[PDB]
file coords-v1.txt (compact mmCIF, C-alpha atoms and all ligand atoms)
# COMPACT_ATOMS: atom_id res chain seq x y z
CA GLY O 4 113.54 89.46 113.87
CA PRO O 5 109.77 90.00 113.50
CA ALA O 6 108.00 88.84 110.36
CA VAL O 7 106.91 91.74 108.19
CA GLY O 8 103.97 92.43 105.90
CA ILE O 9 104.80 93.67 102.43
CA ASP O 10 102.47 95.24 99.90
CA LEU O 11 104.27 94.88 96.55
CA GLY O 12 102.20 97.27 94.43
CA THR O 13 102.13 98.15 90.75
CA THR O 14 103.12 101.79 91.33
CA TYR O 15 103.90 101.92 95.07
CA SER O 16 104.94 99.40 97.69
CA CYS O 17 104.62 99.61 101.48
CA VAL O 18 105.93 97.66 104.47
CA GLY O 19 104.55 97.28 107.97
CA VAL O 20 105.41 95.32 111.09
CA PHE O 21 103.24 94.18 114.00
CA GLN O 22 104.83 95.13 117.32
CA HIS O 23 103.23 95.19 120.78
CA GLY O 24 99.68 94.78 119.51
CA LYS O 25 100.07 97.65 117.04
CA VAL O 26 101.00 97.76 113.36
CA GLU O 27 103.65 100.24 112.29
CA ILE O 28 103.88 101.32 108.66
CA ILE O 29 107.61 101.96 108.20
CA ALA O 30 108.80 105.10 106.39
CA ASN O 31 111.77 105.09 103.99
CA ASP O 32 114.95 107.21 103.94
CA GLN O 33 113.04 110.13 102.42
CA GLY O 34 110.39 109.77 105.12
CA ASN O 35 107.69 108.47 102.78
CA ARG O 36 105.40 105.70 104.05
CA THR O 37 105.16 104.17 100.57
CA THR O 38 107.98 103.69 98.06
CA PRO O 39 107.64 103.77 94.25
CA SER O 40 108.03 100.38 92.55
CA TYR O 41 110.88 101.80 90.44
CA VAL O 42 114.35 100.53 89.56
CA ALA O 43 116.89 102.52 87.53
CA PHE O 44 120.26 101.60 86.04
CA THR O 45 122.95 104.20 85.33
CA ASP O 46 126.65 104.36 84.37
CA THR O 47 127.66 104.15 88.02
CA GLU O 48 124.79 102.61 89.96
CA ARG O 49 121.49 100.85 90.55
CA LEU O 50 118.79 103.12 91.97
CA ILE O 51 115.65 101.83 93.70
CA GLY O 52 112.50 103.58 94.92
CA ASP O 53 112.34 107.37 95.31
CA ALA O 54 115.87 107.82 93.91
CA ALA O 55 114.87 105.89 90.78
CA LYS O 56 111.58 107.72 90.15
CA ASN O 57 113.22 111.09 90.84
CA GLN O 58 115.42 110.67 87.76
CA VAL O 59 113.12 108.97 85.23
CA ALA O 60 112.73 112.22 83.28
CA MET O 61 116.36 112.03 82.19
CA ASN O 62 116.87 108.25 82.01
CA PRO O 63 113.60 106.86 80.54
CA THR O 64 115.06 103.91 78.65
CA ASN O 65 116.99 102.66 81.68
CA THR O 66 114.32 103.33 84.31
CA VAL O 67 112.06 100.31 84.86
CA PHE O 68 108.56 100.26 86.37
CA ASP O 69 105.36 98.19 85.94
CA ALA O 70 107.24 94.91 86.50
CA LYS O 71 104.12 93.57 88.25
CA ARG O 72 102.37 93.63 84.85
CA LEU O 73 104.97 91.22 83.44
CA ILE O 74 105.62 88.96 86.43
CA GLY O 75 104.60 85.31 85.97
CA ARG O 76 103.58 86.01 82.38
CA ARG O 77 104.84 84.91 78.94
CA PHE O 78 106.16 87.07 76.09
CA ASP O 79 103.46 85.81 73.72
CA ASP O 80 100.81 86.96 76.22
CA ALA O 81 98.43 89.44 74.58
CA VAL O 82 98.66 91.56 77.75
CA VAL O 83 102.44 91.81 77.40
CA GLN O 84 102.13 92.59 73.69
CA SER O 85 99.72 95.46 74.34
CA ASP O 86 101.51 96.86 77.39
CA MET O 87 105.04 96.84 75.97
CA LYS O 88 103.94 99.33 73.32
CA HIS O 89 103.78 101.97 76.08
CA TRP O 90 107.01 101.47 78.04
CA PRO O 91 110.19 103.50 77.30
CA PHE O 92 112.33 100.55 78.44
CA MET O 93 112.62 97.47 76.23
CA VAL O 94 111.11 94.03 76.66
CA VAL O 95 112.89 91.13 74.93
CA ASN O 96 111.94 87.46 74.51
CA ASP O 97 114.10 84.82 76.17
CA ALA O 98 112.70 81.41 75.21
CA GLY O 99 109.12 82.55 75.71
CA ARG O 100 109.82 84.48 78.90
CA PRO O 101 109.72 88.29 78.74
CA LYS O 102 112.82 90.12 79.98
CA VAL O 103 113.56 93.79 80.52
CA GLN O 104 116.69 95.07 78.81
CA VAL O 105 118.70 98.00 80.16
CA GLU O 106 122.19 99.39 79.93
CA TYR O 107 123.96 99.20 83.28
CA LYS O 108 127.45 100.70 83.55
CA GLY O 109 127.74 100.89 79.77
CA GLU O 110 127.08 97.15 79.49
CA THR O 111 123.85 95.68 78.10
CA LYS O 112 121.90 93.51 80.56
CA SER O 113 118.45 91.92 80.82
CA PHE O 114 116.45 90.88 83.87
CA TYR O 115 113.44 88.65 84.40
CA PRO O 116 110.47 90.54 85.89
CA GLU O 117 110.90 88.63 89.17
CA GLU O 118 114.47 89.94 89.46
CA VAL O 119 113.27 93.55 89.17
CA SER O 120 110.57 92.96 91.76
CA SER O 121 113.18 91.33 94.00
CA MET O 122 115.08 94.61 93.87
CA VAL O 123 112.03 96.50 95.20
CA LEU O 124 111.48 93.77 97.80
CA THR O 125 115.11 94.20 98.89
CA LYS O 126 114.47 97.93 99.42
CA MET O 127 111.44 97.22 101.62
CA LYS O 128 113.44 94.65 103.58
CA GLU O 129 116.26 97.08 104.34
CA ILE O 130 113.75 99.83 105.15
CA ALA O 131 112.18 97.50 107.73
CA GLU O 132 115.63 96.42 108.94
CA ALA O 133 116.81 100.03 109.26
CA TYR O 134 113.78 100.79 111.40
CA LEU O 135 113.79 97.57 113.43
CA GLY O 136 117.55 97.60 113.85
CA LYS O 137 117.57 93.85 113.24
CA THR O 138 117.56 91.38 110.32
CA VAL O 139 114.23 90.76 108.60
CA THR O 140 113.86 87.27 107.14
CA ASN O 141 110.24 86.07 107.28
CA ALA O 142 107.56 87.97 105.40
CA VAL O 143 104.00 87.87 104.08
CA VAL O 144 103.71 89.40 100.61
CA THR O 145 100.41 90.38 99.04
CA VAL O 146 99.11 89.83 95.52
CA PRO O 147 95.91 90.77 93.61
CA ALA O 148 93.02 88.33 94.01
CA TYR O 149 93.12 87.59 90.28
CA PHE O 150 96.76 86.41 90.16
CA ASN O 151 97.05 82.82 88.88
CA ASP O 152 99.52 80.09 89.94
CA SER O 153 102.34 81.34 87.71
CA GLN O 154 101.99 84.93 88.90
CA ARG O 155 101.90 83.83 92.53
CA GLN O 156 104.94 81.59 91.94
CA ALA O 157 106.90 84.43 90.33
CA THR O 158 105.96 86.72 93.22
CA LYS O 159 107.12 84.06 95.69
CA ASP O 160 110.39 83.66 93.76
CA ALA O 161 110.97 87.41 93.67
CA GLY O 162 110.87 87.09 97.44
CA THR O 163 113.29 84.19 97.80
CA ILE O 164 115.92 85.78 95.57
CA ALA O 165 115.53 88.91 97.72
CA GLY O 166 116.51 86.80 100.73
CA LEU O 167 113.01 86.73 102.14
CA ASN O 168 111.33 83.64 103.55
CA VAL O 169 107.81 84.14 102.17
CA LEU O 170 105.60 82.73 104.92
CA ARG O 171 102.55 83.10 102.69
CA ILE O 172 101.08 84.86 99.66
CA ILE O 173 97.69 86.34 100.52
CA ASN O 174 95.27 88.35 98.41
CA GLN O 175 95.15 92.12 98.70
CA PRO O 176 91.39 92.32 99.45
CA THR O 177 91.76 89.75 102.25
CA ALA O 178 94.67 91.74 103.70
CA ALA O 179 92.56 94.92 103.68
CA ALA O 180 89.73 93.18 105.53
CA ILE O 181 92.12 91.82 108.18
CA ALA O 182 93.46 95.35 108.73
CA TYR O 183 90.00 96.44 109.84
CA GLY O 184 89.43 93.28 111.87
CA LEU O 185 86.54 92.23 109.63
CA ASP O 186 87.87 88.68 109.97
CA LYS O 187 86.76 88.25 113.61
CA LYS O 188 84.07 85.60 114.11
CA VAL O 189 80.66 87.15 114.85
CA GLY O 190 78.62 84.03 114.15
CA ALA O 191 77.12 85.08 110.81
CA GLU O 192 78.02 85.53 107.14
CA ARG O 193 79.44 88.99 106.36
CA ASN O 194 79.74 90.53 102.87
CA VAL O 195 82.53 93.06 102.40
CA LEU O 196 83.32 95.15 99.33
CA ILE O 197 86.93 96.18 98.74
CA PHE O 198 87.24 99.24 96.52
CA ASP O 199 90.88 99.41 95.44
CA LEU O 200 91.73 102.37 93.19
CA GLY O 201 95.51 102.63 93.11
CA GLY O 202 98.20 104.19 90.96
CA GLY O 203 97.63 102.13 87.84
CA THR O 204 94.94 99.54 88.59
CA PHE O 205 91.32 99.52 89.78
CA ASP O 206 89.85 96.47 91.52
CA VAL O 207 86.53 95.77 93.17
CA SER O 208 86.32 92.57 95.20
CA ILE O 209 83.36 91.15 97.09
CA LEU O 210 84.36 88.92 99.97
CA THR O 211 82.06 86.77 102.07
CA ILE O 212 83.44 85.99 105.52
CA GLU O 213 82.00 83.09 107.52
CA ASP O 214 83.65 81.67 110.66
CA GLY O 215 86.87 83.47 109.73
CA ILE O 216 87.01 81.88 106.28
CA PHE O 217 87.14 84.24 103.30
CA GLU O 218 85.42 83.52 100.00
CA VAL O 219 85.87 85.85 97.04
CA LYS O 220 82.33 85.91 95.65
CA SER O 221 83.08 88.34 92.84
CA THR O 222 85.63 90.76 91.41
CA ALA O 223 85.60 93.46 88.75
CA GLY O 224 87.64 96.52 87.85
CA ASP O 225 90.09 97.73 85.23
CA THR O 226 93.80 96.89 85.03
CA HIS O 227 94.41 100.19 83.25
CA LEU O 228 92.63 102.75 85.39
CA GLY O 229 94.48 104.49 88.20
CA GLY O 230 95.94 107.68 89.61
CA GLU O 231 98.20 107.95 86.55
CA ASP O 232 95.24 108.57 84.25
CA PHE O 233 94.09 111.38 86.54
CA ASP O 234 97.56 112.99 86.32
CA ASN O 235 97.51 112.75 82.53
CA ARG O 236 94.24 114.65 82.30
CA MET O 237 95.89 117.48 84.23
CA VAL O 238 98.96 117.31 81.99
CA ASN O 239 96.99 117.62 78.75
CA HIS O 240 95.17 120.50 80.39
CA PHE O 241 98.36 122.39 81.19
CA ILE O 242 99.92 121.69 77.81
CA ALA O 243 96.93 123.46 76.21
CA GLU O 244 97.21 126.36 78.65
CA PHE O 245 100.93 126.77 78.00
CA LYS O 246 100.23 126.96 74.27
CA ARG O 247 97.65 129.69 74.88
CA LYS O 248 99.91 131.95 76.94
CA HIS O 249 103.22 131.19 75.22
CA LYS O 250 102.10 129.89 71.81
CA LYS O 251 104.55 127.03 72.42
CA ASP O 252 103.61 123.36 72.21
CA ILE O 253 105.79 121.37 74.63
CA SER O 254 104.35 117.95 73.74
CA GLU O 255 107.39 116.92 71.71
CA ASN O 256 109.82 117.68 74.55
CA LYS O 257 109.66 114.52 76.63
CA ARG O 258 111.52 116.09 79.57
CA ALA O 259 109.15 119.06 79.89
CA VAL O 260 106.17 116.71 79.83
CA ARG O 261 107.63 114.33 82.42
CA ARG O 262 108.48 117.24 84.75
CA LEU O 263 104.99 118.70 84.35
CA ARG O 264 103.45 115.30 85.13
CA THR O 265 105.47 115.14 88.36
CA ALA O 266 104.13 118.56 89.39
CA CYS O 267 100.56 117.47 88.56
CA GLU O 268 100.76 114.32 90.67
CA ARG O 269 101.89 116.42 93.63
CA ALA O 270 99.21 119.07 93.08
CA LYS O 271 96.62 116.30 92.84
CA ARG O 272 97.62 115.06 96.30
CA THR O 273 97.22 118.56 97.74
CA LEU O 274 93.82 118.80 96.06
CA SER O 275 92.59 116.01 98.37
CA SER O 276 92.88 118.34 101.37
CA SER O 277 92.93 121.84 99.89
CA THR O 278 90.66 123.39 97.28
CA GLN O 279 93.46 124.81 95.13
CA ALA O 280 97.13 124.12 94.47
CA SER O 281 99.85 125.98 92.58
CA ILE O 282 102.17 124.54 89.95
CA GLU O 283 105.55 126.28 90.08
CA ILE O 284 107.93 124.91 87.44
CA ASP O 285 111.15 126.78 86.62
CA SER O 286 112.23 126.87 82.98
CA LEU O 287 109.69 124.33 81.73
CA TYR O 288 110.28 124.83 78.02
CA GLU O 289 113.36 126.61 76.74
CA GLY O 290 113.61 129.37 79.34
CA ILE O 291 109.93 129.86 80.14
CA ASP O 292 109.05 129.36 83.82
CA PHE O 293 105.57 127.86 84.13
CA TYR O 294 103.75 129.31 87.14
CA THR O 295 100.04 128.51 87.47
CA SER O 296 97.41 126.76 89.65
CA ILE O 297 94.38 124.45 89.66
CA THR O 298 91.23 124.34 91.76
CA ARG O 299 89.59 121.18 93.10
CA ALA O 300 86.52 122.07 91.02
CA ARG O 301 88.58 122.13 87.84
CA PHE O 302 90.40 118.94 88.80
CA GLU O 303 87.10 117.16 89.43
CA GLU O 304 85.71 118.20 86.07
CA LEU O 305 88.89 117.20 84.20
CA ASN O 306 88.30 113.63 85.45
CA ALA O 307 84.48 113.58 85.81
CA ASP O 308 83.95 110.75 83.29
CA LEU O 309 86.76 108.68 84.81
CA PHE O 310 85.51 109.11 88.38
CA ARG O 311 81.89 108.41 87.41
CA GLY O 312 82.71 105.31 85.36
CA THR O 313 84.23 103.88 88.53
CA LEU O 314 80.70 102.78 89.58
CA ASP O 315 80.20 100.52 86.53
CA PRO O 316 82.62 97.84 87.86
CA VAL O 317 80.87 98.12 91.25
CA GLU O 318 77.44 97.36 89.72
CA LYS O 319 78.97 94.46 87.76
CA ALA O 320 80.62 92.97 90.86
CA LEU O 321 77.30 93.19 92.70
CA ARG O 322 75.30 91.34 90.06
CA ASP O 323 77.92 88.63 89.63
CA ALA O 324 77.94 87.99 93.37
CA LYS O 325 74.12 88.06 93.19
CA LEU O 326 73.80 90.70 95.91
CA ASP O 327 71.89 93.98 96.24
CA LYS O 328 73.45 97.22 97.55
CA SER O 329 71.70 96.62 100.87
CA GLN O 330 73.29 93.20 101.38
CA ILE O 331 76.91 94.33 101.64
CA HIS O 332 77.83 94.98 105.27
CA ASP O 333 81.18 96.76 104.99
CA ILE O 334 82.90 98.85 102.33
CA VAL O 335 86.64 99.43 102.68
CA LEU O 336 88.71 101.95 100.71
CA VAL O 337 92.11 100.78 99.44
CA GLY O 338 94.53 102.53 97.11
CA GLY O 339 95.93 106.04 97.00
CA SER O 340 93.30 107.40 94.64
CA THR O 341 90.46 106.71 97.12
CA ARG O 342 91.68 109.70 99.19
CA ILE O 343 90.07 111.83 96.51
CA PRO O 344 86.94 113.50 98.03
CA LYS O 345 84.85 113.19 94.85
CA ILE O 346 85.50 109.44 94.72
CA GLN O 347 84.37 109.04 98.33
CA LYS O 348 81.24 111.12 97.70
CA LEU O 349 80.38 109.16 94.56
CA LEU O 350 80.75 105.73 96.20
CA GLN O 351 78.81 106.76 99.28
CA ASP O 352 76.00 108.26 97.17
CA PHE O 353 75.88 104.96 95.28
CA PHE O 354 75.53 103.05 98.54
CA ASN O 355 72.88 105.49 99.76
CA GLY O 356 74.90 107.24 102.45
CA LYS O 357 76.57 104.13 103.82
CA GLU O 358 79.68 104.91 105.86
CA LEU O 359 83.04 104.02 104.35
CA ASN O 360 85.88 102.34 106.22
CA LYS O 361 88.83 104.67 105.74
CA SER O 362 90.49 105.39 109.09
CA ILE O 363 93.64 103.57 107.91
CA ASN O 364 95.46 105.32 105.02
CA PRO O 365 94.10 103.43 101.94
CA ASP O 366 97.61 103.15 100.44
CA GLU O 367 98.79 101.44 103.64
CA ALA O 368 95.78 99.18 104.32
CA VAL O 369 97.15 96.12 102.48
CA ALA O 370 100.59 96.31 104.13
CA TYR O 371 98.85 96.85 107.48
CA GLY O 372 96.79 93.69 106.99
CA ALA O 373 99.76 91.63 105.82
CA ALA O 374 101.74 92.64 108.93
CA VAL O 375 98.96 91.38 111.22
CA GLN O 376 98.80 88.12 109.24
CA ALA O 377 102.61 87.80 109.40
CA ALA O 378 102.38 88.24 113.16
CA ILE O 379 99.84 85.45 113.66
CA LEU O 380 101.76 83.19 111.24
CA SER O 381 104.90 83.48 113.35
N1 LIG I 401 96.19 112.49 98.54
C1 LIG I 401 96.08 111.76 97.45
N2 LIG I 401 95.12 112.07 96.55
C2 LIG I 401 95.06 111.43 95.41
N3 LIG I 401 95.85 110.45 94.98
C3 LIG I 401 96.81 110.16 95.91
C4 LIG I 401 96.98 110.73 97.12
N4 LIG I 401 98.07 110.14 97.78
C5 LIG I 401 98.50 109.24 96.91
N5 LIG I 401 97.77 109.22 95.76
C6 LIG I 401 97.88 108.44 94.51
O1 LIG I 401 97.69 107.04 94.73
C7 LIG I 401 98.45 106.33 93.73
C8 LIG I 401 99.30 105.36 94.52
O2 LIG I 401 98.47 104.33 95.00
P1 LIG I 401 98.98 103.20 95.97
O3 LIG I 401 97.79 102.58 96.62
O4 LIG I 401 100.03 103.79 96.83
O5 LIG I 401 99.63 102.15 95.04
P2 LIG I 401 99.35 100.90 94.17
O6 LIG I 401 98.24 101.29 93.30
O7 LIG I 401 100.67 100.85 93.48
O8 LIG I 401 99.08 99.73 94.99
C9 LIG I 401 99.22 107.36 92.88
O9 LIG I 401 98.43 107.53 91.71
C10 LIG I 401 99.27 108.63 93.81
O10 LIG I 401 99.26 109.86 93.04
MG MG I 402 97.73 98.66 95.79

call {"tool": "encode", "arguments": {"input": "coords-v1.txt", "output": "structure tokens"}}
result
Amino acid sequence: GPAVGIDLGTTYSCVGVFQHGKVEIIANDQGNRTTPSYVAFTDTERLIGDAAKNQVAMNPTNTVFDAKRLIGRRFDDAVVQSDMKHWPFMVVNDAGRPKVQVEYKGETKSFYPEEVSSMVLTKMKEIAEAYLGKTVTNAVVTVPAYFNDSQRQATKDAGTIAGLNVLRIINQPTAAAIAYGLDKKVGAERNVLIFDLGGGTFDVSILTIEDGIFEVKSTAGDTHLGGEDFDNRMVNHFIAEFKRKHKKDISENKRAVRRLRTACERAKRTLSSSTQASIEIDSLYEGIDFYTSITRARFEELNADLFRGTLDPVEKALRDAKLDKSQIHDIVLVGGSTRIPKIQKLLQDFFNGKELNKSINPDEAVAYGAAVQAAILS
């Protein structure tokens, strides 16, 4: 069976395979080309991917996500301490190692973060296998450039327990560059900036490629800035609107909020191609159907400060790598949030009209690159 490339993301994962000189990003059962990094446990089953995310609103304590934030980390870790204050599922301490605790089939169980990630990895494997019609064994999995030895180990382990022979763990920025062929030798040093604005993390990496050898000169970003924050701005906006028209605050009702957030995320996606989108939610609060809409203009202004602040980490990355705007040769967009028109305008204006590399869907770029690398490695 061919070796596959797997992008194990914080919010979404994606799998691609290199066949006949072309890379194919494989779609799941629901036809999506990316699958949520979600796992859910119920009375009767274990849900993974779309099925898991599609039921979070009613099973918050038993629906796990953000496992990538825990992987390879300790319970005492300040990061873990801060983060766990925001998850509806519980994190327990098992001899210094953090574990997620859920109720599966009425019984209480706990999993190490690598076990949860292995579940998502298993889903990608069977998605590839379904498509290929053959067993998938070898794989190249990607990881952020900033992951340390423990995090890389844990990611590798998540793979082995998923029945995957991890050929190699390569950095996400490097994978993105390989997708565009920016790794080909042109007899000269090339500086490339990877702008990765995903579902929950933002990362800016500056790579220097010489003779086909990558060198991460600098990196910057924010581990808590992503498409989720954009959705939230919309949510808070609609909560206020609902209160105006119906004099009813729905903030307390967790289900109404979660359903609204789902509708916002979807509208947001439409806003990247259309200038307006409608939100049609039946019986949002009590028996009130919430029918409304948003314009791209309004969306842009709701997140103006967030979008704009995106340039700060870019300036920082530049100065650390000791380069001027003019010195970077290529700029590649990675992450689902980069499909947002305002973000593309903003970055391009910053780089004085420089063209952006974005022919490959940004949320598929890393998987795409990993597949090519998997191919050569086999
Ligand atoms: N058309 C789009 N416009 C804006 N955001 C989008 C669009 N398509 C996907 N997204 C967003 O991208 C994020 C997913 O990013 P992705 O790169 O797939 O994952 P990850 O950050 O997990 O690596 C989500 O916040 C999703 O709403
Ligand atoms: Mg990503």

call {"tool": "closest_residue", "arguments": {"input": "coords-v1.txt", "among": "O:63, O:99, O:75, O:215", "to": "residue O:193", "atoms": "all atoms listed in the file"}}
result
O:215

call {"tool": "closest_residue", "arguments": {"input": "coords-v1.txt", "among": "O:241, O:90, O:78, O:233", "to": "ligand LIG 401 (chain I)", "atoms": "only C-alpha atoms and all ligand atoms"}}
result
O:233

call {"tool": "closest_residue", "arguments": {"input": "coords-v1.txt", "among": "O:53, O:218, O:206, O:213", "to": "ligand MG 402 (chain I)", "atoms": "only C-alpha atoms and all ligand atoms"}}
result
O:206

call {"tool": "residues_near_ligand", "arguments": {"input": "coords-v1.txt", "ligand": "ligand LIG 401 (chain I)", "cutoff": "8 Å", "atoms": "all atoms listed in the file", "output": "PyMOL selection string"}}
result
chain O and resi 10-17+37+39-40+199-205+229-231+233-234+268-269+271-276+337-343+365-367

call {"tool": "closest_residue", "arguments": {"input": "coords-v1.txt", "among": "O:237, O:261, O:254, O:313", "to": "residue O:298", "atoms": "all atoms listed in the file"}}
result
O:237

call {"tool": "residues_around", "arguments": {"input": "coords-v1.txt", "residues": "residue O:32", "least_positions_apart": "6", "cutoff": "12 Å", "atoms": "only C-alpha atoms", "output": "PyMOL selection string"}}
result
chain O and resi 38+51-54+126-127+129-134

call {"tool": "closest_residue", "arguments": {"input": "coords-v1.txt", "among": "O:375, O:18, O:219, O:87", "to": "ligand MG 402 (chain I)", "atoms": "all atoms listed in the file"}}
result
O:18

call {"tool": "atom_distance", "arguments": {"input": "coords-v1.txt", "atom1": "atom CA of residue O:114", "atom2": "atom CA of residue O:102"}}
result
5.4 Å

call {"tool": "decode", "arguments": {"input": "coords-v1.txt", "residues": "stretch 281-302 of chain O", "atoms": "N, CA and C atoms", "output": "tab-separated table (two decimals), in the first residue's frame"}}
result
chain	number	residue	atom	x	y	z
O	281	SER	N	-26.86	33.99	5.34
O	281	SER	CA	-27.98	33.95	6.27
O	281	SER	C	-27.79	32.88	7.33
O	282	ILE	N	-28.29	33.18	8.52
O	282	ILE	CA	-28.25	32.27	9.66
O	282	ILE	C	-29.70	31.86	9.87
O	283	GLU	N	-30.00	30.59	9.65
O	283	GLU	CA	-31.36	30.09	9.80
O	283	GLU	C	-31.36	29.00	10.87
O	284	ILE	N	-31.69	29.37	12.10
O	284	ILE	CA	-31.72	28.40	13.20
O	284	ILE	C	-33.13	28.23	13.75
O	285	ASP	N	-33.67	27.01	13.65
O	285	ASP	CA	-35.01	26.73	14.16
O	285	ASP	C	-35.03	26.50	15.66
O	286	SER	N	-35.96	27.18	16.33
O	286	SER	CA	-36.15	27.08	17.77
O	286	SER	C	-34.82	27.17	18.51
O	287	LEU	N	-34.19	28.34	18.42
O	287	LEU	CA	-32.91	28.57	19.08
O	287	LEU	C	-33.05	28.59	20.60
O	288	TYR	N	-33.95	29.43	21.09
O	288	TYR	CA	-34.17	29.53	22.53
O	288	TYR	C	-35.66	29.37	22.76
O	289	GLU	N	-36.00	28.41	23.62
O	289	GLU	CA	-37.39	28.10	23.91
O	289	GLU	C	-38.01	27.70	22.57
O	290	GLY	N	-38.90	28.52	22.03
O	290	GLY	CA	-39.50	28.17	20.75
O	290	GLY	C	-39.24	29.20	19.68
O	291	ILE	N	-38.36	30.15	19.97
O	291	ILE	CA	-38.03	31.22	19.03
O	291	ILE	C	-37.04	30.80	17.94
O	292	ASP	N	-37.48	30.86	16.69
O	292	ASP	CA	-36.63	30.53	15.55
O	292	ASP	C	-35.79	31.77	15.29
O	293	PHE	N	-34.48	31.60	15.15
O	293	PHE	CA	-33.61	32.73	14.90
O	293	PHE	C	-33.20	32.79	13.43
O	294	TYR	N	-33.83	33.69	12.69
O	294	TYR	CA	-33.54	33.87	11.27
O	294	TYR	C	-32.93	35.25	11.06
O	295	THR	N	-31.70	35.29	10.55
O	295	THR	CA	-31.00	36.55	10.34
O	295	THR	C	-29.88	36.39	9.30
O	296	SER	N	-29.00	37.38	9.18
O	296	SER	CA	-27.90	37.32	8.22
O	296	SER	C	-26.76	38.25	8.59
O	297	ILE	N	-25.61	38.07	7.95
O	297	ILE	CA	-24.43	38.90	8.18
O	297	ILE	C	-23.83	39.25	6.83
O	298	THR	N	-23.17	40.39	6.76
O	298	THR	CA	-22.51	40.82	5.54
O	298	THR	C	-21.01	40.68	5.79
O	299	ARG	N	-20.24	40.55	4.72
O	299	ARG	CA	-18.79	40.43	4.82
O	299	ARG	C	-18.23	41.66	5.53
O	300	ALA	N	-18.79	42.83	5.21
O	300	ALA	CA	-18.37	44.09	5.80
O	300	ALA	C	-18.50	44.05	7.31
O	301	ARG	N	-19.64	43.56	7.79
O	301	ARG	CA	-19.89	43.45	9.22
O	301	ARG	C	-18.95	42.43	9.85
O	302	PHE	N	-18.76	41.30	9.17
O	302	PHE	CA	-17.88	40.25	9.65
O	302	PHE	C	-16.47	40.83	9.83
